[PDB]
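Coming up, as structure tokens: structure 1 and structure 2, two forms of one and the same protein chain.
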Structure 1
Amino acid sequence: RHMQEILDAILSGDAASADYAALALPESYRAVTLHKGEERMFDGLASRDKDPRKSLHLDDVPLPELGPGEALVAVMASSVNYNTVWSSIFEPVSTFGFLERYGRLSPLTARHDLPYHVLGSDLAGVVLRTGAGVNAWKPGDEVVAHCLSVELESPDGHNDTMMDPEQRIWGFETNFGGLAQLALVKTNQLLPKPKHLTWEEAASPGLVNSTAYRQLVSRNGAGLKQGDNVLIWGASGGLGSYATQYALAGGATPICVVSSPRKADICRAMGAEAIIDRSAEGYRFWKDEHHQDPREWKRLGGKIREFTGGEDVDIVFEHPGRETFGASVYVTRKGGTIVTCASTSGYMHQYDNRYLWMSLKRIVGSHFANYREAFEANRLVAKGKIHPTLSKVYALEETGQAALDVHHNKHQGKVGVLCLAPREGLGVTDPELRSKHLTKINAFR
């Protein structure tokens, strides 16, 4: 069987590029899919009551046709992201609608409109084949992927590709995602695998790490500098588990927000010291459905100042959205920045503009990362400066359960998924660098 021979060559460690080019491609591959017919199955239920285990299937699907500028990748491991969860509960809309509408553009785009949607927006693995015009990547190259799919035909993205008007999120607005044994990506999504990490660890930072890097570190986001005070909501989640690391590695002070003493201890394990538990404080920023309580804004602001010696934060790392956003704007220092990439609790934000203009603050929208920012974020991982935050790993066959844990907030850092990898622990080729950092690497386990 051809898939087993691909895995055997990977595990062998001796296969050269010519060997991979010679290996026969399988005729099908195992993939975690949504089914088009079942897209209304959660109709009328509440969001908590929607169960990804009901809609996620394990299918054998044919290999898509390789186009120019693309690579076929044998996937050793992937991860669950929030966008995967939303996809699995057909929220906010069935991902199938875009796939069909986009597919009518050209024959190449049409490959993605199918009765099934292969999900997954992270990958770690090995290049099998490359389409026409590809020089920078060869069969056998060990890779991770970022999830930005840009065509770059418009000039708009040529000073920062996040401005491309035709940007899709791989595995979400494209098919052939990474929760599968094989994946199709553009070669400009490919990055060198950090050699000191396992397959599942290498696959875990991708989406959240690059997002946090752009949002906090890069000049396209908050432009952090050493000495800054930074409020980090959700500091032990996927995004926060990288944002906290960037604040500390950058010489800044994180004020970490968590919802349980258990999460607080992980932040201390990361090296943070100023930690706020939103439950124990019992913040109620909203009096009712339509009115906020500035007394509760001010109470958050006083709690921050206890940790900073009377200083207000230079940057708020936002993502919870409507519930917290009025407080985020209020507590930010004169001249400071609220940077936002999400609105988990609701996207209709309300805030008092007097604080924004009279104190010269700014709200900066950020989304994923361009290839240079993705490369820089992955490079900091490769250098041992930023660490994966895996808490639990599931086999591909159990992806539905992994999605539900994330949906219900059962875990802390990243939830990983094995794909072709037969067990955890494989893929390390820099044991010296790994052993220097193993304690941090395992801090979320």
Structure 2
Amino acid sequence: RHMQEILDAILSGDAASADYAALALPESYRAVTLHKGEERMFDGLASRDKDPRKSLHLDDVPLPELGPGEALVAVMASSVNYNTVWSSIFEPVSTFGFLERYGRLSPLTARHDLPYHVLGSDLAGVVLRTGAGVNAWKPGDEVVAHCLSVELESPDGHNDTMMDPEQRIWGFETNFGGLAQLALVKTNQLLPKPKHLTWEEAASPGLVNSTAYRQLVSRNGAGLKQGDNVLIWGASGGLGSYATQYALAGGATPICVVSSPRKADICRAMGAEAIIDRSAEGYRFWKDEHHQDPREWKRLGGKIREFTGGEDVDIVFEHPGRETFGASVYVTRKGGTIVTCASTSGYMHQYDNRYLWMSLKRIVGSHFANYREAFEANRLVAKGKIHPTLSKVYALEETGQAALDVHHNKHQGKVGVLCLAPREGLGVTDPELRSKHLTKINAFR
């Protein structure tokens, strides 16, 4: 096959850029999709009964016609994140309503409104053909993908593309995701693949890594500096693990909170010492449904002061929202910043404002990451200061159980999946760098 010929080119390790420019398009590429008719076959099932292995079809799909500022990507590996499972489960709504309302933009965007939806918001691969006006990416380049597609027509997002109102998540709100052998992205979603990682490790950190980078490291978020103390609220989790790594490498002290010594172990494995087991310590910040227990804030406060010897956290890395958020405002040191990018336990937060104004704290909402923030996060991955958190890797044919595993926190870390890659372990090109931190790269395994 032609599909075969390209894989051999990637695997050769000697295919020049022009070699790639010479490989022919296959008319089809297998894909993990959803079919527009199977929407309601799932309405009325709980936290687990709606199931992803049923609505996930492995289709042979026609190749999209590319246009300006876009790249066809041969996908070695991708992943299954939260939006992937949710779409596979048609939560919250049906992603075909995204594809159709996003089809009202232009004829090129109409390409996305199709009977099927190719899922996938991550990507590690080789670019094959680039569209009109592309200059920055030659065929043959090893890439990962930032999953924020911005159109950038309104002026809003020209001092921060995260402000741009037409922001879409590639593979979730547009089509041609990465859970597939071929893919189409905007070249301003492409990032240089780190040479010391596997294909599967390379596309693992993804949105969750850049999201924590902007929230913790960038000046749009809390502007971590060396010496800061930072409370991190789900440290072994996706967001928290990378947020832990950034604290350590930025020169700061993570304080990691967890709900099992299994989770506590992964933070030690990453470099953390100061770890709180919120379940071991019996924290009940809400005495009921409507009222909080301010002594439960104070109890965590003093527990924090144990690992630090008196100081409070300059920064709280928030995301559980409703349950944690009262305490996280309380515990923050005077003039400190609470930064939020999610509200998993409930989006209606309640806090004691006295603690905000009298102590001059600030809550700063954060969301995803712009391309420059996504770049610098991927950069820190590429330089060896931040590490992928892969745990299980699947094969393309079994993306269902890939997404039922994530559907029930079956793993502690990320779930990658080989696409064109025949087996795991390929991709490296800087084995030295890889051997310097092998110890931590596969910590979540």
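Throughout, rigid core stands for the largest set of C-alpha atoms superposing within 1.5 Å between the two forms. Residue positions are counted from 1 along structure 1's sequence.
Considering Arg111, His349, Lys138, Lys195, one residue stands apart with a C-alpha shift of at least 2 Å between the two structures following superposition on the core, and it is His349. Core-superposed comparison between the two structures: the Cα of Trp170 travels less than 2 Å. Comparing the forms between the two structures on their rigid core, the Cα displacement of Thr337 reaches 2 Å or more. With the core superposed, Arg295 shows a C-alpha displacement of at least 2 Å between the two structures. We note a C-alpha movement of 2.3 Å at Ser260 between the two structures, with the rigid core held in register.
Comparing between the two structures on a rigid core frame, one finds that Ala382 has its C-alpha moved by 0.4 Å. Superposing the rigid core and comparing between the two structures gives a CA shift of 4.2 Å at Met358.
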